[PDB]
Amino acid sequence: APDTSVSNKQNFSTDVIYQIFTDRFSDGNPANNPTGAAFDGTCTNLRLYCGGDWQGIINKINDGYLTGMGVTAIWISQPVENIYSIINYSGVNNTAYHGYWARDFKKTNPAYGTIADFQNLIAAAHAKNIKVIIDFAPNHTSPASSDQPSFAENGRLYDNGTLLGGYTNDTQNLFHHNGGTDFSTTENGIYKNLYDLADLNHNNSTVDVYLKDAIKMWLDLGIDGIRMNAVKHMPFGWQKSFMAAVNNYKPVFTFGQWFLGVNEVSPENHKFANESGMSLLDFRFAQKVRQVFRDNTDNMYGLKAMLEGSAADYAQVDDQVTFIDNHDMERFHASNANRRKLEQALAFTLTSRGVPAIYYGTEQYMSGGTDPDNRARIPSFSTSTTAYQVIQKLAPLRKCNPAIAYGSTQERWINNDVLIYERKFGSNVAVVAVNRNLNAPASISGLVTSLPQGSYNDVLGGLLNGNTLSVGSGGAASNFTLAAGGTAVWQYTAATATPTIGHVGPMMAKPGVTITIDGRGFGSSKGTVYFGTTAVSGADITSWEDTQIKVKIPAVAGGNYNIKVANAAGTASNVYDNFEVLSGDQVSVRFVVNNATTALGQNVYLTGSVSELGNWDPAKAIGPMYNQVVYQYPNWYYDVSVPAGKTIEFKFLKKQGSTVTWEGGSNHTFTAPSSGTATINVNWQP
């Protein structure tokens, strides 16, 4: 199967995701509708259930709406069972129509459907080449009150019907009871309840094994990816350990939700996407596109710097899931705004690196403010809109032109309003030109590209006023006028000669696990695959074809390697770096060091004998650790994914910049649990 196949659960860069708010899409089965106070078929009250379901989606998948648009993956509301409580948030009735208030992750939401329905959804989907991605919110359960258990369902957790426990009288400590977060610090928003939602406690063995068994259920049902909810609000080490279970069992494209403010650039965010096992939603990309194409708060130079920084700050920028809006932002298009602005922003996204994600309704010029106004019923299934035609024209390129799916980004012409960028991958080129100036044309002169000399038709065929391109030798483009608001796409595809790796996934797992290397020029015959200097050939290479390779990770020590390949003839490919070979199965262990005083600005870190602990390299040390919520300074703590049942030796450091101060005396030793979690307490040794 090629890289573009619907079966490729590891690669979503050749795809265009379509995010669906289940309740607000299409109610293909009124029988499952909630009733009375919780329901509103009129969908006039955006906080009540409107009735949308899996059958609605199947119906739309089957009647051509999605496939007509070229959409090739869908991201649906969390399928797990939510509470049934109708909560009055001060004179306003609220339902769990958004699938974020969980109660049982081992069952479905009757409103959406049953397992049978879900299975049918997956079937219908795969049959039309649309991958299926499900929201997943392992952070909390539902709204709860510790004293007032009569409130809602008390954030009660059920394991396939059996009560695990609830928020009040939480003796097992299945939940955290540290109050709510003010988002003041990263540890604050992790060990405190997001709003009033019962915060699950991952250090609890039950919680950890349960959320781990739960997602195996869904991987078993057939999902192609997972959209992790509120990743900045769950311990990171635990999350790596979650991704380890997933990847070491059944690996699937996973991206998390780490909200980034306007103009916000987080290294914490970058690091998470770089060493956690999952990519993330490109808020940086989204906010800047908005700033430039919608709010008019930054120009093309800002979008360009964004593209360049992001491309360097992200180990796998091609795994960041882009967008122009979503359920927590006002919808990109204002009733009063020039529709052409949403149009070019869409084209911009669809032709940019990463994995595009269109919020349901965008293509139908939907507008509205934040929650819940941005969550309305799709007022129309019209394939007769510019946005539609736009997505339909550009979405398919991510499959037929690798330059757009795996390419590099390079600016080739620019000013305050105009931006002409080139996407390149092998003998594949895509040049996109966008002029955000709604009232003025641009005189494009001296534009040079990588396009062979010839004539290139606007792929949008004039739709957004783009034009034909003329490229002489040098890849020099003839002078042209770039219409006010114009957007034109020019492209070229050809067979790649040398082996080129455009993608690899998963990017973190133990030896033996199978991995997918996608690109062009591999050739049909098995060749060689390298994890650093180690060669792997023949058998362990399960399948090999021109655009896709499937091979198991060799038994190399736990470390970070560079994946490379070479066709049968010995020709090597480029290096796809950042691969983490785990030391084996992962378990989340908490590390507490006591009386480790510091100076303001200096923080404690953990280092140890396995690569998961940085192999004694303080540069790769873990942290800094926390001393606010769970334990207080001078006591620091931290949850880390470590090799299961391994006997590890460790010590604590104190860094201030690259400057490090080793804990005194001897190394500590402990043995990781085989399953569940553990807690290692120790005093800092001077």
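So that there is no doubt, residue numbering starts at 1 and follows the sequence shown.
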Exercise for the section: Higher average CA B factor in the deposited record is what I'm after, so tell me if that's 74 to 82 or 375 to 383. Expected result: 375 to 383
Handout entry: Mean temperature factor over C-alpha atoms, higher-scoring stretch between 150 to 158 and 211 to 219
Key = 150 to 158
Completion exercise
Per the deposited B-factor column, the C-alpha that peaks among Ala102, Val513, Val592, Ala433 belongs to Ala102
Completion exercise
Per the deposited B-factor column, the C-alpha that peaks among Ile622, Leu653, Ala37, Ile58 belongs to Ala37
Problem - Within-chain third of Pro634 by Cα B-factor, per the entry - result: highest
Completion exercise
Temperature factor at the Cα of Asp53, chain-ranked in thirds, falls in the lowest
Practice task
Name the third of the chain's ranked CA B-factors that contains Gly657, choosing lowest, middle or highest.
Solution key: middle
Fill in the blank from the handout: Binned into thirds over the chain's modelled residues, the C-alpha B-factor of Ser5 lands in the middle
Practice task
Within this chain's modelled residues, let me know which third the CA B factor of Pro30 belongs to: lowest, middle or highest.
Solution key: lowest
